[PDB]
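Enquirer: The file below is work-v3.pdb, PDB, C-alpha atoms (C1' of nucleotides):
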```
ATOM      1  CA  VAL A 202     153.471 124.183  -8.646  1.00  0.00           C
ATOM      2  CA  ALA A 203     149.748 124.945  -8.923  1.00  0.00           C
ATOM      3  CA  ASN A 204     149.284 121.636 -10.755  1.00  0.00           C
ATOM      4  CA  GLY A 205     151.789 119.605  -8.739  1.00  0.00           C
ATOM      5  CA  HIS A 206     150.336 120.489  -5.347  1.00  0.00           C
ATOM      6  CA  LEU A 207     146.827 119.780  -6.644  1.00  0.00           C
ATOM      7  CA  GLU A 208     147.893 116.348  -7.894  1.00  0.00           C
ATOM      8  CA  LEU A 209     149.622 115.705  -4.562  1.00  0.00           C
ATOM      9  CA  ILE A 210     146.572 116.608  -2.473  1.00  0.00           C
ATOM     10  CA  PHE A 211     144.314 114.563  -4.761  1.00  0.00           C
ATOM     11  CA  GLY A 212     146.629 111.605  -4.194  1.00  0.00           C
ATOM     12  CA  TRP A 213     146.617 112.214  -0.440  1.00  0.00           C
ATOM     13  CA  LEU A 214     142.800 112.308  -0.329  1.00  0.00           C
ATOM     14  CA  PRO A 215     142.194 108.509  -0.373  1.00  0.00           C
ATOM     15  CA  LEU A 216     144.403 107.908   2.677  1.00  0.00           C
ATOM     16  CA  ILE A 217     142.212 110.291   4.684  1.00  0.00           C
ATOM     17  CA  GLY A 218     139.334 107.948   3.854  1.00  0.00           C
ATOM     18  CA  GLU A 219     140.837 104.949   5.622  1.00  0.00           C
ATOM     19  CA  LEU A 220     142.124 107.235   8.387  1.00  0.00           C
ATOM     20  CA  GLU A 221     138.592 108.454   9.123  1.00  0.00           C
ATOM     21  CA  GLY A 222     137.398 104.858   8.853  1.00  0.00           C
ATOM     22  CA  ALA A 223     139.866 103.831  11.551  1.00  0.00           C
ATOM     23  CA  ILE A 224     138.822 106.831  13.655  1.00  0.00           C
ATOM     24  CA  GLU A 225     135.203 105.673  13.434  1.00  0.00           C
ATOM     25  CA  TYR A 226     136.327 102.126  14.256  1.00  0.00           C
ATOM     26  CA  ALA A 227     137.899 103.487  17.447  1.00  0.00           C
ATOM     27  CA  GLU A 228     134.512 104.852  18.588  1.00  0.00           C
ATOM     28  CA  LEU A 229     132.657 101.521  18.353  1.00  0.00           C
ATOM     29  CA  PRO A 230     130.739 101.163  21.658  1.00  0.00           C
ATOM     30  CA  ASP A 231     131.572  97.716  23.046  1.00  0.00           C
ATOM     31  CA  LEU A 232     132.194  96.201  26.492  1.00  0.00           C
ATOM     32  CA  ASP A 233     131.992  93.175  28.786  1.00  0.00           C
ATOM     33  CA  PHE A 234     130.739  92.543  32.332  1.00  0.00           C
ATOM     34  CA  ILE A 235     132.144  92.204  35.845  1.00  0.00           C
ATOM     35  CA  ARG A 236     130.818  90.159  38.742  1.00  0.00           C
ATOM     36  CA  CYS A 237     131.963  89.624  42.321  1.00  0.00           C
ATOM     37  CA  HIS A 238     131.151  87.872  45.608  1.00  0.00           C
ATOM     38  CA  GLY A 239     131.303  88.334  49.370  1.00  0.00           C
ATOM     39  CA  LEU A 240     130.554  86.647  52.698  1.00  0.00           C
ATOM     40  CA  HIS A 241     130.356  87.643  56.365  1.00  0.00           C
ATOM     41  CA  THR A 242     129.658  85.378  59.335  1.00  0.00           C
ATOM     42  CA  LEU A 243     129.108  85.413  63.101  1.00  0.00           C
ATOM     43  CA  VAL A 244     129.386  82.792  65.849  1.00  0.00           C
ATOM     44  CA  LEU A 245     126.229  82.075  67.862  1.00  0.00           C
ATOM     45  CA  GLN A 246     127.140  80.069  70.988  1.00  0.00           C
ATOM     46  CA  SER A 247     128.847  76.927  72.272  1.00  0.00           C
ATOM     47  CA  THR A 248     128.805  74.558  75.269  1.00  0.00           C
ATOM     48  CA  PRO A 249     130.954  71.657  76.543  1.00  0.00           C
ATOM     49  CA  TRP A 250     129.984  67.980  76.652  1.00  0.00           C
TER      50      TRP A 250
ATOM     51  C1'   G B   1     149.009  60.465  67.533  1.00  0.00           C
ATOM     52  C1'   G B   2     143.908  60.329  66.832  1.00  0.00           C
ATOM     53  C1'   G B   3     140.213  63.518  64.641  1.00  0.00           C
ATOM     54  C1'   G B   4     137.228  68.430  62.878  1.00  0.00           C
ATOM     55  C1'   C B   5     136.663  72.451  59.742  1.00  0.00           C
ATOM     56  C1'   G B   6     136.075  74.943  55.562  1.00  0.00           C
ATOM     57  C1'   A B   7     133.767  77.116  58.081  1.00  0.00           C
ATOM     58  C1'   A B   8     135.603  81.714  61.066  1.00  0.00           C
ATOM     59  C1'   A B   9     141.194  85.123  59.759  1.00  0.00           C
ATOM     60  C1'   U B  10     142.773  86.154  55.107  1.00  0.00           C
ATOM     61  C1'   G B  11     145.284  84.408  49.758  1.00  0.00           C
ATOM     62  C1'   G B  12     144.187  80.803  44.302  1.00  0.00           C
ATOM     63  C1'   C B  13     138.533  79.973  42.250  1.00  0.00           C
ATOM     64  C1'   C B  14     136.217  83.918  42.907  1.00  0.00           C
ATOM     65  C1'   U B  15     127.489  85.001  38.367  1.00  0.00           C
ATOM     66  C1'   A B  16     127.557  80.367  40.940  1.00  0.00           C
ATOM     67  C1'   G B  17     129.604  76.446  42.636  1.00  0.00           C
ATOM     68  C1'   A B  18     133.154  73.015  45.108  1.00  0.00           C
ATOM     69  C1'   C B  19     137.774  72.440  46.459  1.00  0.00           C
ATOM     70  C1'   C B  20     142.643  74.275  48.064  1.00  0.00           C
ATOM     71  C1'   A B  21     147.153  77.198  51.299  1.00  0.00           C
ATOM     72  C1'   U B  22     148.871  78.775  55.447  1.00  0.00           C
ATOM     73  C1'   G B  23     145.360  78.333  58.858  1.00  0.00           C
ATOM     74  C1'   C B  24     142.370  77.799  63.338  1.00  0.00           C
ATOM     75  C1'   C B  25     138.673  73.522  67.904  1.00  0.00           C
ATOM     76  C1'   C B  26     139.513  69.069  71.452  1.00  0.00           C
ATOM     77  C1'   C B  27     142.308  64.101  74.372  1.00  0.00           C
ATOM     78  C1'   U B  28     146.214  63.395  76.517  1.00  0.00           C
ATOM     79  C1'   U B  29     141.854  62.724  82.578  1.00  0.00           C
ATOM     80  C1'   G B  30     141.276  63.528  87.006  1.00  0.00           C
ATOM     81  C1'   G B  31     139.622  62.821  92.773  1.00  0.00           C
ATOM     82  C1'   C B  32     139.227  59.429  96.472  1.00  0.00           C
ATOM     83  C1'   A B  33     138.221  60.075 102.861  1.00  0.00           C
ATOM     84  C1'   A B  34     139.765  57.244 106.792  1.00  0.00           C
ATOM     85  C1'   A B  35     143.226  53.589 109.926  1.00  0.00           C
ATOM     86  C1'   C B  36     148.718  51.731 110.629  1.00  0.00           C
ATOM     87  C1'   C B  37     154.659  51.556 109.590  1.00  0.00           C
ATOM     88  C1'   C B  38     159.881  53.289 109.696  1.00  0.00           C
ATOM     89  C1'   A B  39     165.573  56.257 111.842  1.00  0.00           C
ATOM     90  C1'   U B  40     165.425  60.109 115.484  1.00  0.00           C
ATOM     91  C1'   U B  41     166.811  65.459 119.894  1.00  0.00           C
ATOM     92  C1'   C B  42     166.313  57.686 119.979  1.00  0.00           C
ATOM     93  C1'   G B  43     158.941  61.432 116.258  1.00  0.00           C
ATOM     94  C1'   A B  44     157.642  66.647 115.428  1.00  0.00           C
ATOM     95  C1'   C B  45     159.294  66.429 109.926  1.00  0.00           C
ATOM     96  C1'   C B  46     158.553  66.518 105.251  1.00  0.00           C
ATOM     97  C1'   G B  47     158.181  62.908 102.231  1.00  0.00           C
ATOM     98  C1'   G B  48     156.600  57.523 101.079  1.00  0.00           C
ATOM     99  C1'   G B  49     154.374  52.282 101.611  1.00  0.00           C
ATOM    100  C1'   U B  50     149.956  48.653 103.492  1.00  0.00           C
ATOM    101  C1'   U B  51     144.401  47.672 105.057  1.00  0.00           C
ATOM    102  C1'   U B  52     139.596  49.806 104.039  1.00  0.00           C
ATOM    103  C1'   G B  53     135.589  53.226 101.330  1.00  0.00           C
ATOM    104  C1'   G B  54     127.416  52.032 100.355  1.00  0.00           C
ATOM    105  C1'   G B  55     127.031  46.775 102.963  1.00  0.00           C
ATOM    106  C1'   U B  56     125.494  41.561 104.004  1.00  0.00           C
ATOM    107  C1'   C B  57     122.373  36.471 103.614  1.00  0.00           C
ATOM    108  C1'   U B  58     124.287  31.490  99.243  1.00  0.00           C
ATOM    109  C1'   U B  59     127.161  39.756  97.274  1.00  0.00           C
ATOM    110  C1'   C B  60     125.627  32.257  91.705  1.00  0.00           C
ATOM    111  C1'   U B  61     120.624  33.729  90.000  1.00  0.00           C
ATOM    112  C1'   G B  62     117.409  35.780  94.180  1.00  0.00           C
ATOM    113  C1'   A B  63     116.602  38.377  98.635  1.00  0.00           C
ATOM    114  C1'   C B  64     117.642  41.416 103.735  1.00  0.00           C
ATOM    115  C1'   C B  65     119.521  46.655 105.579  1.00  0.00           C
ATOM    116  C1'   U B  66     119.652  51.688 103.133  1.00  0.00           C
ATOM    117  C1'   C B  67     118.669  55.264 100.206  1.00  0.00           C
ATOM    118  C1'   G B  68     118.406  57.879  95.047  1.00  0.00           C
ATOM    119  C1'   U B  69     114.759  57.832  90.324  1.00  0.00           C
ATOM    120  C1'   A B  70     110.666  57.974  88.396  1.00  0.00           C
ATOM    121  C1'   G B  71     104.576  56.111  87.215  1.00  0.00           C
ATOM    122  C1'   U B  72     100.113  54.929  89.505  1.00  0.00           C
ATOM    123  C1'   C B  73      96.076  55.131  92.304  1.00  0.00           C
ATOM    124  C1'   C B  74      95.896  57.476  96.960  1.00  0.00           C
ATOM    125  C1'   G B  75      92.998  58.579 103.212  1.00  0.00           C
ATOM    126  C1'   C B  76      89.949  61.936 103.729  1.00  0.00           C
ATOM    127  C1'   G B  77      89.754  55.939 107.782  1.00  0.00           C
ATOM    128  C1'   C B  78      90.899  51.815 109.404  1.00  0.00           C
ATOM    129  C1'   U B  79      94.398  49.784 112.866  1.00  0.00           C
ATOM    130  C1'   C B  80      97.270  47.213 119.700  1.00  0.00           C
ATOM    131  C1'   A B  81     102.949  49.871 117.995  1.00  0.00           C
ATOM    132  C1'   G B  82      99.643  53.600 114.708  1.00  0.00           C
ATOM    133  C1'   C B  83      99.870  56.918 110.984  1.00  0.00           C
ATOM    134  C1'   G B  84      99.756  60.203 106.390  1.00  0.00           C
ATOM    135  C1'   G B  85     100.223  55.526 103.588  1.00  0.00           C
ATOM    136  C1'   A B  86      99.938  52.592  99.421  1.00  0.00           C
ATOM    137  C1'   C B  87     101.517  49.608  95.232  1.00  0.00           C
ATOM    138  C1'   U B  88     105.204  48.641  90.205  1.00  0.00           C
ATOM    139  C1'   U B  89     110.201  49.882  88.190  1.00  0.00           C
ATOM    140  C1'   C B  90     115.923  51.359  87.121  1.00  0.00           C
ATOM    141  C1'   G B  91     120.816  52.762  89.989  1.00  0.00           C
ATOM    142  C1'   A B  92     123.781  52.764  93.783  1.00  0.00           C
ATOM    143  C1'   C B  93     133.341  54.483  94.800  1.00  0.00           C
ATOM    144  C1'   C B  94     132.807  59.963  92.788  1.00  0.00           C
ATOM    145  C1'   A B  95     132.960  64.466  88.298  1.00  0.00           C
TER     146        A B  95
END
```
Show me this structure written as structure tokens.
Expert:
Amino acid sequence: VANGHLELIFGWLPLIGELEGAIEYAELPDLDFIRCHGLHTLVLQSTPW
RNA sequence: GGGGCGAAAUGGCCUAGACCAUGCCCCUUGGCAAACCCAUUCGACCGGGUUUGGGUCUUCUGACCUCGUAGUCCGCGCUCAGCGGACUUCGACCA
């Protein structure tokens, strides 16, 4: 068992490499941008003709 | 029907921009003020119709009553009427 478990953990080690790589990939700081608009108005006056 | 708008109320588009949907802004013109007419308790009774409504001389151009609108010099004096008065213009059934 002392040798089998050691072999097993040594074989498991590489997978932790790509797992930590993916973890780091999840922390990549990226983003986009947002942009909006708006408009308000007001009548001034009016007369007949 | 004829138009307007993307403004303005929001929704697509929505650095920005210009277009879209419902969606919202107006016309359905209006007024004449007078004179006369019906059937009848053989007028009281409301409603309708006709002739006029700035106006004439040649209302053709153009002028003669009237005014309205302006611009220009104006008298500080000359003419019997007097006066405050001159010249040029456009309009004249009414909003």
Enquirer: With a distance threshold of 10 Å and counting only C-alpha atoms (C1' of nucleotides), extract the residues of chain B near chain A and express them as JSON, numbers by chain.
Expert: {"B": [7, 8, 14, 15, 16]}
Enquirer: With the PyMOL selection byres ((chain B and resi 33) around 9) as the selection, what would be picked from this file? Answer as an MDAnalysis selection string, please.
Expert: chainID B and resid 32 34 53
Enquirer: Which of these residues is nearest to residue 27 of chain B, using all atoms listed in the file: B:6, B:48, B:1, B:43?
Expert: B:1
Enquirer: So that I can check the surroundings of residue 5 of chain B, please list as a PDB file with C-alpha atoms (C1' of nucleotides), in the frame of the given file every protein, DNA and RNA residue that reaches within 12 Å of it, counting only C-alpha atoms (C1' of nucleotides) and ignoring chain neighbours fewer than 6 positions away.
Expert:
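And here is the file that came out, around18.pdb:
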```pdb
ATOM      1  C1'   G B  23     145.360  78.333  58.858  1.00  0.00           C
ATOM      2  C1'   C B  24     142.370  77.799  63.338  1.00  0.00           C
ATOM      3  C1'   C B  25     138.673  73.522  67.904  1.00  0.00           C
TER       4        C B  25
END
```
Enquirer: Would you compute the distance between atom CA of residue 214 of chain A and atom CA of residue 230 of chain A? Give it in Å to one decimal.
Expert: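 Between these atoms lies a distance of 27.4 Å.
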Enquirer: Rounded to one decimal in Å, what is the spacing between atom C1' of residue 92 of chain B and atom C1' of residue 70 of chain B?
Expert: 15.1 Å
Enquirer: Quick check, in Å to one decimal: how far apart do atom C1' of residue 67 of chain B and atom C1' of residue 54 of chain B lie?
Expert: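 Going from atom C1' of residue 67 of chain B over to atom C1' of residue 54 of chain B covers 9.3 Å.
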Enquirer: Extract, using all atoms listed in the file, all DNA, RNA and protein residues at most 12 Å from residue 72 of chain B, discarding same-chain residues fewer than 4 positions from it, and format them as a list in words.
Expert: residues 86, 87, 88 and 89 of chain B
